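S.K.: Experimental coordinates follow, after the sequence.
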Amino acid sequence: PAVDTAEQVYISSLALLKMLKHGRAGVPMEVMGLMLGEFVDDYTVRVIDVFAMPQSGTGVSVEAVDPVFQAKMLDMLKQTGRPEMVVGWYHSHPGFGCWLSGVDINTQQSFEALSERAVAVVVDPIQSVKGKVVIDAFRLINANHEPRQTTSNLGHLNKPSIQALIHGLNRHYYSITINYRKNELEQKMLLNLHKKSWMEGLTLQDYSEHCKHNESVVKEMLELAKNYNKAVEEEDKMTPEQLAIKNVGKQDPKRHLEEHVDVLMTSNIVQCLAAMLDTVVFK
Amino acid sequence: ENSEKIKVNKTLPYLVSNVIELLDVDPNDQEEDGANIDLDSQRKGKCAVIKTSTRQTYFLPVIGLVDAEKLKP
Amino acid sequence: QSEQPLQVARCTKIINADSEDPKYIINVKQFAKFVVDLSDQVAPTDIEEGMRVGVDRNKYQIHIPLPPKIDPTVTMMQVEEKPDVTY
Ligand SMILES: [Zn+2]
């Protein structure tokens, strides 16, 4: 009779990627799907996979068109080794942040009536960037007191967003921490994704193109050095405040010289070292 | 019940507008399920472009409660 | 007690009255045009076509008829105070 705040929803890498891909595909709509998983203990709701369902709607609503597909998909996944059953649903809010609306709350009410601990996950594709993905998990609060019991600090570590608070967080629903537990093979595959072929490492680079690039950058550095000489004469006839706005709309010879130096050093050192390594390795 | 719903959704304050056009639109190609929109496709009738008195133009995939053939630019 | 109970009405000009049932087209100056209904205080006979009516900011329903707009240069022709001369 508690539902604790240390409860977490474990989203697999596959589930997260599927959710984000479907949401981004349906950028103007709130495309939606089901989440399969297990209810391990009272402190874990494991989400292992998600599958989209046939649905149609406008930019103001989206609804599913057939339940036969859902039943058949559950059966045909069980037949291949995924006996997990639905533990919630996911739908995308493209740019509105993460929260539930009235229709979302009604759907979550139906899911709660079916299974007590069902959860809803809102993933916002467009606001997601490379480093971070905007995603949250929710569950409803009855018409009562405090919705949950706190036996740790784990719940109060997220600082709920102003948009979610405006749209009803901690009043009509509460959030659940999302965790990304992975297995060894998932970790290894994610690390190996970006690994390149071995031959690419030792492959050299056309010397004509390399010399042309070096020549171009040195020619640019010449003019940058002229401008740097001009700029050094300043910085004494400049107000302490005026210096900051001095480099607004105007080139910075020092910064550009540093960048060009870095690129030239990297390219030339790499090429020379690769040349020597090949010279020894290949007879 | 449906008539009651229509009446309650027809709340009196309207915004006068002029019908700029009555375009004819047709579906383009197959739309993948999971993400298919009833407006961009699956709409074969007549669509209206209107200009509200607030100087705001709008496209109406569904004309509304007035039959299309009656409206003229 | 004047800012609490007395709301803010907006000047508009009625253009058409539709059907026997009250349905009025108004043209709020430089704001918009609406098809609006009356308030319980104002009787239908009070509102005619072409007269100025104040409308609330929420539902844009008529609340009070207003005097016709008149040029200042023609309204200043009225005598107001009459001369003291006699026959
Ligand atoms: Zn929603």
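M.R.: Everything's here; your move. Numbering: from 1, shown residues only, chains lettered A, B, ... in the order given.

S.K.: distance of the residue in the stretch 1-150 of chain A positioned nearest to chain C from residue A:109?
M.R.: At 22.3 Å from chain C, residue A:102 is the closest residue in the stretch 1-150 of chain A, using C-beta to the nearest C-beta. C-beta here means a position set from N, CA and C on the backbone, and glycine is covered the same way. Between residue A:102 and residue A:109 the computed distance is 10 Å (C-beta to C-beta, to the nearest Å).

S.K.: between the two, which one's more packed in?
M.R.: Neighbour tally, residue A:102 and residue A:109, criterion other C-beta atoms under 10 Å in any protein chain shown: the higher count belongs to residue A:109, 12 against 9.

S.K.: got a list of what that one touches?
M.R.: By C-beta atoms under 8 Å, 6 or more residues apart in numbering or on different chains, the contact set of residue A:109 is residue A:140.

S.K.: got the buried residues for the helix or strand hosting it?
M.R.: Taking DSSP states H and E as the definition, one finds residue A:109 inside helix A:102-114. The neighbour-count check on helix A:102-114 (16 or more other C-beta atoms under 10 Å in any protein chain shown) flags A:104, A:105, A:107, A:108, A:111, A:112 as buried.

S.K.: starting at the chain centroid, how far to it?
M.R.: Distance of helix A:102-114 from the chain centroid (C-alpha atoms, centre = their mean, to the nearest Å) equals 27 Å.

S.K.: Check stretch A:217-237 too.
M.R.: For stretch A:217-237, the distance to the chain centre is 41 Å (C-alpha atoms, centre = their mean).

S.K.: quick one: contacts for residue 53?
M.R.: Looking at chain A here, since you left the chain open. Taking C-beta under 8 Å, 6+ apart, one finds A:32, A:33, A:34, A:64, A:66, A:69, A:70, A:73, B:34 in contact with residue A:53.

S.K.: nope, chain B please
M.R.: Counted by C-beta under 8 Å, 6+ apart, residue B:53 has contacts B:15, B:16, B:17, C:32, C:33, C:34.

S.K.: Number of residues surrounding residue 33?
M.R.: Going with chain A. 22.

S.K.: You answered for a different chain; I wanted chain B.
M.R.: Residues near residue B:33, counting by other C-beta under 10 Å, number 14.

S.K.: Tell me, how many residues neighbour the residue nearest to it when sequence neighbours are not counted?
M.R.: Closest residue in space to residue B:33, ignoring its immediate chain neighbours: residue A:54 at 4.4 Å, by C-beta to C-beta, 6 or more residues apart in numbering or on different chains. Counted with other C-beta under 10 Å, the neighbours of residue A:54 add up to 15.

S.K.: if we can go back for a sec, filter the contacts of residue B:53 down to the buried ones.
M.R.: Using 16+ other C-beta under 10 Å, the buried ones in the contacts of residue B:53 are B:16, B:17, C:32, C:33, C:34.

S.K.: With secondary structure as new columns, can those be given to me in TSV?
M.R.: Formatted as TSV, these follow (DSSP: H, G, I helix; E, B strand; the rest coil):
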residue	secondary structure
B:16	coil
B:17	strand
C:32	strand
C:33	strand
C:34	strand
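
S.K.: And these, which is closest to residue A:77?
M.R.: When those are ranked by distance to residue A:77 (C-beta to C-beta), residue B:17 comes first, at 50.7 Å.

S.K.: Identify the residues contacting the helix or strand encompassing residue A:137?
M.R.: Using DSSP H and E, residue A:137 falls within strand A:135-140. Under the contact criterion C-beta under 8 Å, 6+ apart, strand A:135-140 has outside partners A:3, A:9, A:11, A:16, A:19, A:88, A:98-100, A:105, A:108-109, A:112, A:117-124, A:128, A:164, A:172-178.

S.K.: can you do 7 Å?
M.R.: Outside strand A:135-140, the residues that touch it by C-beta atoms under 7 Å, 6 or more residues apart in numbering or on different chains are A:9, A:98, A:100, A:105, A:108-109, A:112, A:119-123, A:172-176, A:178.

S.K.: Buried ones from those residues, can you make that a PyMOL selection?
M.R.: To isolate the buried members of these in PyMOL, using 16+ other C-beta under 10 Å:
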select buried, chain A and resi 9+98+100+105+108+112+119+120+121+122+123+173+174+175+176+178
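
S.K.: In helices, which of the contacts of strand A:135-140 fall?
M.R.: Counting by DSSP state H, the part of the contacts of strand A:135-140 found in helices is A:105, A:108, A:109, A:112.

S.K.: Surely residue A:249 is within a strand?
M.R.: No. Under three-state DSSP, residue A:249 falls outside any strand and is assigned coil.

S.K.: contacting residues for it?
M.R.: Contact partners of residue A:249, counting by C-beta under 7 Å, 6+ apart, are absent.

S.K.: and if you look at residue A:104?
M.R.: Each residue near residue A:104 by C-beta under 7 Å, 6+ apart is listed here: residue A:120.

S.K.: What residues sit buried inside stretch C:20-39?
M.R.: Across stretch C:20-39, burial judged by 16+ other C-beta under 10 Å covers C:22, C:24, C:25, C:26, C:28, C:32, C:33, C:34, C:35, C:36, C:37, C:38.
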